[PDB]
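Using PDB author numbering, you'd call the opening residue of the sequence shown number 0 and step up by one each time.
For each residue, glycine too, the CB sits at the ideal point set by N, CA and C.
This report refers to the structure that appears directly beneath it.
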Amino acid sequence: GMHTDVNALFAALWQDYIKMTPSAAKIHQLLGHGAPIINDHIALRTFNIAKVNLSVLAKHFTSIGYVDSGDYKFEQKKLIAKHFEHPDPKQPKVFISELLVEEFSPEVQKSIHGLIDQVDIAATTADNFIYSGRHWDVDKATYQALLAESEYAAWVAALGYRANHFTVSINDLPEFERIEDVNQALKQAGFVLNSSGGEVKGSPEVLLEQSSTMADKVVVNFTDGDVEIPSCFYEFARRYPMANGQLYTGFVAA
Ligand code: NI
Numbered sequence: 000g001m002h003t004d005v006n007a008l009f010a011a012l013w014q015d016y017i018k019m020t021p022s023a024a025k026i027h028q029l030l031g032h033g034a035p036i037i038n039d040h041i042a043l044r045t046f047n048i049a050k051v052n053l054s055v056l057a058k059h060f061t062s063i064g065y066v067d068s069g070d071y072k073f074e075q076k077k078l079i080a081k082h083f084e085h086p087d088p089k090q091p092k093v094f095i096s097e098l099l100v101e102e103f104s105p106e107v108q109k110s111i112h113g114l115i116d117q118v119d120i121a122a123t124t125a126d127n128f129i130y131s132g133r134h135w136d137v138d139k140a141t142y143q144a145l146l147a148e149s150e151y152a153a154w155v156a157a158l159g160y161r162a163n164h165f166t167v168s169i170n171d172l173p174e175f176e177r178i179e180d181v182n183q184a185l186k187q188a189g190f191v192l193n194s195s196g197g198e199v200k201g202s203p204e205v206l207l208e209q210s211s212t213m214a215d216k217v218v219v220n221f222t223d224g225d226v227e228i229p230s231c232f233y234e235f236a237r238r239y240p241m242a243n244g245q246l247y248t249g250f251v252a253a
């Protein structure tokens, strides 16, 4: 059955995540000097297939005190999502999204169903489910067909059930005030940041600023090949107070 302790769950999720994301292990040490770092959030992904849907993943958190705190729809990416909050403010928010499989070609829908058909339903209630990885055989052509319509779908097909990212709470870092200053320390320590949308996405005026490392790389063992792909980035977020004084809790620019 599922974890009973919130600290143990995140410990196990992080141990799994850093295997894909060595940069996160290094930056965690850099910023915290060996102390634990407060996280703003983690992000998990799935498909809207009953066996593995948003609600199934969410039970791993609502069973140990998380509360449903926000509903989101992302139209362009064909996603719905929710975030969950724990009564202890040291604990990360939990962001869980699911791809709407019906929005894709019949061929992609069949392929995605084919992967999830291989998931043992019993695995979905075990304690390791959210960091259990791949439960399916998948070949390169299947990966490419998914990738042609959805990077999200391809990522889930390649890596399975594992954290997509952890996000450091800049608010809570005792030595830093500004995301720009965290970004500068990261570059000075020899990490490279994603600079596509600009190195900082958002602004104080939209109540949220985020930045990230460039994704590390991992080898995925497809049925017909061993392919190197991007795994995960490590993210950084500063939140700002709304009109009423509480921090903005959303996940894109307000
Ligand atoms: Ni995030």
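DSSP-derived helix/strand/coil call for residue i
i           : result
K92         : strand
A42         : strand
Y142        : helix
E174        : coil
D15         : helix
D87         : coil
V55         : helix
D180        : helix
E234        : strand
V167        : strand
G113        : helix
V5          : helix
residue 269 : In this structure the chain extends from 0 to 253, so residue 269 is not present and cannot be described.
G132        : strand
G189        : coil
residue 265 : Because the chain spans 0 through 253 in this model, residue 265 falls outside it and cannot be assessed.
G33         : coil
Identity of the residues DSSP links to residue i by a beta bridge
i    : result
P229 : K216
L78  : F73, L98
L206 : DSSP, once it has assigned bridges, lists no residue as partnering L206.
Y151 : For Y151, which the question treats as bridged, DSSP gives no partner whatsoever.
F250 : According to DSSP, which records beta bridges pairwise, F250 is partnered with nothing at all.
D67  : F83
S195 : Answer is none; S195 lacks a bridge partner.
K200 : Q209
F221 : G224
Buried versus exposed, by CB contacts within 10 Å (16 or more), residue i
i    : result
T3   : exposed
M241 : exposed
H32  : exposed
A162 : buried
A80  : buried
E176 : exposed
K186 : exposed
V191 : exposed
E106 : exposed
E84  : buried
Integer Cβ distance of residue i from residue j, believed to fall under 8 Å
i    : j    : result
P91  : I17  : That belief does not hold up - the Cβ atoms of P91 and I17 are roughly 15 Å apart, past 8 Å.
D138 : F221 : 6 Å
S110 : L145 : 6 Å
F94  : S149 : That belief does not hold up - the Cβ atoms of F94 and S149 are roughly 18 Å apart, past 8 Å.
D215 : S22  : 5 Å
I36  : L30  : 6 Å
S210 : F250 : The pair is not a contact, with the Cβ atoms about 14 Å apart (cut-off 8 Å).
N52  : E97  : 6 Å
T212 : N193 : 7 Å
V155 : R44  : 5 Å
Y151 : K76  : 6 Å
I63  : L8   : 7 Å
Distance, residue j Cα to residue i Cα
i    : j    : result
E101 : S68  : 26 Å
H59  : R238 : 26 Å
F46  : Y65  : 21 Å
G189 : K50  : 42 Å
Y233 : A121 : 31 Å
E208 : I178 : 7 Å
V218 : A157 : 10 Å
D136 : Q183 : 42 Å
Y247 : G132 : 32 Å
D171 : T141 : 42 Å
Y160 : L12  : 10 Å
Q14  : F165 : 12 Å
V199 : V205 : 12 Å
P229 : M19  : 9 Å
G201 : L114 : 36 Å
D223 : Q143 : 13 Å
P88  : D39  : 9 Å
Check: residue i C-beta below 7 Å from any heavy atom of ligand 3
i    : result
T166 : With respect to small molecules bound, the structure shown includes ligand 1 and not ligand 3.
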